[PDB]
């Protein structure tokens, strides 16, 4: 996601933490964000451009084979030079395992728990963005130029940001905090309140990232790439039909992030 999807995913997650998770998250954050995880959940998108964090660039996404519409960890979760685990599913495992040493303490200089928290929180968002688990040759739709209503865009960006920005504008006066409340509403009492226990039961961490990534490639095929031709204009049709899919993935990432953090920081 771009900034808004991450902010919403992290705020949903922060509001669902248990007491030990809430406290750990508070101890790990810098004072300037006043306890707000969502104010830093974009940080991995900032530092992926830094020379010292070049290793992080492949960790935001998964390249799956063109037109195959499936994910397999061994085949797909590796960077462009074949180094294993270097994808968003591998990263979620890595930082979850790192945070599980926080309770007992670590005598390793190099494990930074603030960064583990921010990477984990961000990547839990990314694995839920369907076009972050799209085809290899089009870079998850980044190479598919198009137009979104009047202005120029690309298919990846439509899912990272445009659908969210158009929904916020048309129904919430550009107000993301209120959009987020309706998402929160839709799983506390609304249409997703039925599915909640389901979202939370995905096995161990490998099992959950496999599940999340599979859901994402399947949405990328069924809803993302579906109907789209390069150079053309997408508008009310694509926007109205895809919006609810985008909203659910925001919600799902948040809910599942909270579950992970509750497990790693809890008993």
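Numbering follows the first chain given and starts at 1.
- Note on 123-131 vs 182-190: mean CA B-factor is higher in 182-190.
- Just going by the entry, 17-25 versus 248-256 on mean CA temperature factor gives the higher value to 17-25.
- As recorded in the entry, 238 carries the highest CA temperature factor of 53, 43, 238, 206.
- Of all the options 114, 98, 154, 177, the entry's greatest CA B-factor is assigned to 177.
- Among the modelled residues of its chain, residue 89 has a C-alpha B-factor that falls in the lowest third, as given in the PDB entry.
- In the deposited entry, the Cα temperature factor of residue 118 sits in the bottom third of values across the chain's modelled residues.
- Residue 219: CA B factor lies in the lowest third for its chain, per the PDB record.
- Residue 76: CA B factor in the lowest third of modelled residues in this chain (values from the PDB entry).
- Among all modelled residues in its chain, residue 49 ranks in the middle third by Cα B-factor.
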